[PDB]
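Down below is the structure, laid out as structure tokens.
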Amino acid sequence: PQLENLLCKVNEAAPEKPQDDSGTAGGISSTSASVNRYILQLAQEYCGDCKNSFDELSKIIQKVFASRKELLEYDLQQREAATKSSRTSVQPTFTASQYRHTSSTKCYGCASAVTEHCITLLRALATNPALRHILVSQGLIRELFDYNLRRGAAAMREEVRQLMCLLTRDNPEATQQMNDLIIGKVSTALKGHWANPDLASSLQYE
Amino acid sequence: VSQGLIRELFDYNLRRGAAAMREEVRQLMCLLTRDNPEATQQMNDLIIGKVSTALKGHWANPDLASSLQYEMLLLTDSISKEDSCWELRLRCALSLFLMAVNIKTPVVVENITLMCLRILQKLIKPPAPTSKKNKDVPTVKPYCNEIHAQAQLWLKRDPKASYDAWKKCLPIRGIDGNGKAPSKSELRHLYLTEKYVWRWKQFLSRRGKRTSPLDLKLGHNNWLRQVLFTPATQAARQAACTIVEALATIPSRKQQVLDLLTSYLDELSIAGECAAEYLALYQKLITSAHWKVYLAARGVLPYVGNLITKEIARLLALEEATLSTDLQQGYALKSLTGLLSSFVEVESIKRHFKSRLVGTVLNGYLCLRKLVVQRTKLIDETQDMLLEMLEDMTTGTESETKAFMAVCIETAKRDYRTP
Amino acid sequence: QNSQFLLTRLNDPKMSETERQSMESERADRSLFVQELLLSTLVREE
Amino acid sequence: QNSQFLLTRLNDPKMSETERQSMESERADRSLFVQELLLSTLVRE
Amino acid sequence: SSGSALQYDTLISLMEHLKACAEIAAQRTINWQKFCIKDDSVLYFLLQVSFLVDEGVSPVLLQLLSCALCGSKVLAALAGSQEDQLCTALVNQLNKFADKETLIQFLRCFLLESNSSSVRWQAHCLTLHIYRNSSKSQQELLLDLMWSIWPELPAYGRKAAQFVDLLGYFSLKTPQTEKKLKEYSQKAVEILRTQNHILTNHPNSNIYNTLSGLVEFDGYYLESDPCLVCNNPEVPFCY
Amino acid sequence: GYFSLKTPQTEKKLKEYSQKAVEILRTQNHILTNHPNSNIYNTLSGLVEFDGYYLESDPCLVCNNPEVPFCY
Amino acid sequence: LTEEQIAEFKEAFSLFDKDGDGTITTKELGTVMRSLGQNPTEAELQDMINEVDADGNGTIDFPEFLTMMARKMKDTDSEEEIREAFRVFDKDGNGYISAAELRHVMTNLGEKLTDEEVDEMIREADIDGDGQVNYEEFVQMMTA
Ligand SMILES: [Ca+2]
Ligand SMILES: [Ca+2]
Ligand SMILES: [Zn+2]
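Residue numbers (the UniProt record's numbering), protein chains in the order written: chain A, 3758 to 3857, 3866 to 3971; chain B, 3901 to 4038, 4044 to 4319, 4324 to 4328; chain C, 287 to 332; chain D, 287 to 331; chain E, 3259 to 3337, 3385 to 3544; chain F, 3473 to 3544; chain G, 5 to 148.
See the structure below:
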């Protein structure tokens, strides 16, 4: 909730004049002191406190997983020993039965990693002209424009832009669609530039 | 306002300057629209258009935070004031709320749906009275079986549905009186006159010469549940819980919202720990054994028993997977078992449902005892509660007991340890 | 303190007892109207 | 170094001399077209 | 017949012998290749064993498989004609023995579930040479198996990187019919749409987007049931 | 402001005063919107809390030069 | 009445069967009716609670509750009491209900309607147009 709240304040982007608090125990340089207090508060709350708590939780989760694995192995050995006069030739399920290294569902992180893998695979496929036309017919350009253009690491964003450029190579219908999308977005952002200065965030990318 | 100050302030001065200057600009706009249909209507329409275009872009723009943000703080400041134009402001609020709830995107929820829910909550739950010796929130009393207001028509600016017309429709509360007067005959008389006056209006409406009232009936899959499980923010869930608790003022509306919630019960199992606020609301609404018995009559006990059985079966089918540890593993199970224990804590329901709950409690406890690797503290508490409930159900007449023993036989029929 | 600025001092709270009762009744009626509005919003479209 | 990943290594530059001349002529003609386009944009209505 | 896990000393003796074989194969590759062309059961059984070992023994078994399968001309290049003929004979023998189930199994086990990038790269090289030295039918079959594993990718996260590489390469290297080309494209775009919808509707997607905008950070510290992939790193050994 | 709302005044001059106020507001709003480094100041106010506008041509003697405080 | 229904009835009756101070049993039974699937108006509830005062705490038996519901059941129609209605609606000892006593009934209920609304109501009820309503026309409306 604290991060939820500090983020709200930071989004307001208020120019609260520098507050020179009497307490100077922390070594805050003029530039850092002039940084938005909420920004610094967010950085301390998430990178400091949330990261420390998450590291502690991950260590505890790994130790719990190791304990569960040892207990399960002991139970497997005991039931196998108690299953005398009965032998099942397991194959190749030995893996499925005991090893049981997998990403939990709804994991923003590894979900974004899978998205990056999808971008890499699509950049590979788009090279083949027939595959490129098929992907354009699927509707890949609009998906990449709406979702993958603005999210991910900057290298991933540039890879998405290259993928779209590849999809629109020597393809009048494809290039036309991307151009129409860009024109629409740019004209909408020109219909409120004075009203709302969020034009720089998207129009720049387009 | 005639100069065009509202549009200038909206376009330019709402977002630039120090935060104190922004709040002063918002107050200035609220003043300009105070008791001024023209001005208030214009500002409300501007807010509507802006929020609507940002909802048409939410999927392509993740910066919704900064945009709808300042315009919705303006709505909330405008509706916080009390002018004679509250109607149009409430209309804008409801419209934006519905549009954003139709959206599950957190950015959209946490901004639009959250401020809209807060506006609706501050309207439904007015500030505590200052005079009238701080009287309870309960001049017009609603019809027991009907909703005399309309939402689809009111949002469409129809003069047929409005605060004036609606308030005209319902009778004045007036004074019941008859403090020392039994008025036994007068009671039957008023019964007859009320019944056939409502019949007169109902027939006049089916002929089509009068506006059609609405029937107190819900679909069981409405925005209620949409805001109820939002994992996006706890503030939206708390606001929805407050709204539903305040909708529960009237006993018939209490019945209807209780049916809605006991239908949403499945979404508790689906959402896990996100449904804590809904659980608190539901237990608060049924704190009286009166409504516990009502829900038991409707068949809530088999529903919760089946939900507990399904959750325990999911855990059993889940221990065949990795040792993946989940912090909120068993919150739904523990909460469903707590609900069942709360219902059983009423004697009559226990009497009538011991023979029907013994089987499901036995099956659940036996299946929970099988858990070794996935056994969580919450699972242990659930198993202890099931044991206590079973012991509480073992107690009974030899007949009921022998019947419970017959159940035990079927449970064993359904492994050298568990039996 | 802040009393030097005439414009800021302008805001004058004033609210009377019978008008207190009337305003509180208005708040209660508006709350009831919004309750009916949301309940009619939830009504199944059948 | 970066040669482990086959997909990244895929990009193959290849450009021939007569096709160099043709492409350079195409660039020059496109530049001239854009010059005429902007000059016609500046023309007085 | 017995499940659970193998004794540590059994793994020790296994590793002694397999290190001896790895030493033989590395310094002298043709010897190993011809021994396994005399004994195909050796080649298939080494993979099948690499199933039922710990991740400690897996590098050596994969090294043996790569030395037999991809010789050591390429192995050193990564770090005469009769030799490559033996390599092709060995991969053909493996494809004759290895059914699609075991192929699927080790391909997900080492390319996807390895958790050790070094083993994942060994499996990448091994599968790449398997596909290269295979004929058209086995090439199509391998490509189909990996496209069958493709929908299960979201469960492995970053680990999948090497896997995806091969997939993409193979998908553009094998001459393939229009029908299966469309099927592969549909699978890829479907996974992309699913992940995009997941990220868009994720409960704390707004928080992560805003923090990525403002504050520098490496991991997503506020995550329920932390992914055993994103969170668990390949802890490196150190002096 | 006080005087404008304290003196009983004719509708004509009330409209004139309102027009003057809104005209000054429109002029300042257009100046701020089209200001050469308006984007820079807006973004910096968003990110870094800054007391004054350090990048200003011909710093108005009124802004940059404030009353110096007498001290011991 | 099919057993299926008398059964639901006993069922709920029982589930709510509880005792206490005042007349809980009456309240418990009003909640039974609403639980059964029939929601009476607050007025109907008060009337039935009074229409049962045999013993302390409004003692109600299952047969007694069956008798209570058998009177109105689904409250679909009650000519004997539409008649009772005309007797109450038509006041001033007249043979035809008038707008005056109609608005009197409305105020006794607590509803305030403008004479214009009262005129609309009486124009709707009257069929021949004599300016009055016999049981005939009362029925007309209540049945339509
Ligand atoms: Ca009369
Ligand atoms: Ca007549
Ligand atoms: Zn993960």
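Beta carbons are placed, not taken as given, at the ideal position from N, Cα and C, and that holds for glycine.
Under the DSSP assignment, A/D3945 falls in the alpha helix (DSSP H) whose first and last residues are 3937-3954. A direct Cα-to-Cα measurement between B/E4091 and B/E4315 gives close to 58 Å.
Within the same chain, no residue comes within 6 Å of C/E310 by CB-CB distance, once the 5 residues on both sides are set aside. In this structure, ligand 2 has no non-hydrogen atom nearer than 8 Å to the beta-carbon of B/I4148. With a 10 Å radius around the Cβ and a threshold of 16 neighbouring Cβ atoms, B/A4141 comes out buried.
Remark: fewer than three beta-carbon pairs, one from each stretch, lie closer than 8 Å, so the segment 3982-3993 of chain B and the segment 3919-3929 of chain B are not flagged as touching. Interface annotation, F/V3494: not in contact with chain A, CB-CB separation never under 9 Å.
Under the 8 Å Cβ criterion, the segment 3502-3518 of chain E counts as touching the segment 3870-3877 of chain A, having at least three qualifying pairs. For the UniProt domain "EF-hand 3" (81-116) of chain G, the continuous alpha helix (DSSP H) assignments of 4+ residues that do not extend past its boundaries occur at 83-93, 103-113, in sequence order. At a cut-off of 9 Å between beta carbons, F/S3529 makes no contact with chain B. Within 7 Å of the CB of A/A3790, no CB atom of chain B is found; the nearest one sits about 18 Å away. Counted as a single uninterrupted DSSP element, the alpha helix (DSSP H) harbouring B/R4112 occupies residues 4089-4112.
With at least 16 other beta carbons inside 10 angstroms of its own, E/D3470 counts as buried. B/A4222 sits exposed, since fewer than 16 C-beta atoms from the chains shown fall within 10 Å of its C-beta.
Per DSSP, the beta-bridge partners of B/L4119 are B/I4052. Below 8 Å, too few C-beta pairs join the segment 67-74 of chain G and the segment 86-93 of chain G to call them touching: fewer than three. In the DSSP secondary-structure assignment, C/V329 is bridged to B/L4123.
Secondary structure note for E/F3542: it is in no alpha helix (DSSP H), with a DSSP letter that is neither H nor E. For G/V137, the beta-bridge partners assigned by DSSP are G/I101. Relative to ligand 3, E/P3531 has its C-beta within less than 8 Å of a heavy atom. Rounded to whole angstroms, B/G4243 and E/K3478 show a C-alpha spacing of 60 Å. In the structure shown, B/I4080 adopts coil according to DSSP, grouped into three states. With its beta carbon less than 9 Å from one in chain A, E/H3507 belongs to the interface. Distances between the C-beta of E/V3534 and the heavy atoms of ligand 3 include at least one below 8 Å.
Taking 8 Å as the cut-off, the C-beta of G/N138 does not count as close to any heavy atom of ligand 1.
With its beta carbon less than 9 Å from one in chain E, D/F291 belongs to the interface. Cβ-Cβ distances below 6 Å link B/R3934 to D3983 in the same chain, with the five nearest sequence neighbours on each side left out; the list follows chain order.
Residue contact check for B/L3905 against chain F: a CB pair falls below 9 Å. When 7 Å is used as the limit between beta carbons, A/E3761 is near no residue of chain F, the shortest such separation being about 19 Å. When 8 Å is used as the limit between beta carbons, A/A3889 is near these residues of chain D: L293, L296, in chain order. Within the chosen limit of 8 Å, ligand 2 does not reach the beta carbon of B/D3983 with any heavy atom.
Residue contact with chain B for C/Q287: absent (no Cβ-Cβ distance below 9 Å to any residue of chain B).
Contact annotation: E/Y3436 and E/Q3443 have beta-carbon atoms nearer than 9 Å.
With a threshold of 8 Å, the Cβ atom of A/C3883 does not count as near ligand 3, since no heavy atom of the ligand is closer than that. Cβ contact annotation for A/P3775 (same chain, cutoff 8 Å, sequence separation greater than five): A3790, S3791, in chain order. Ligand 3 has no heavy atom closer than 8 Å to the beta-carbon of E/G3329.
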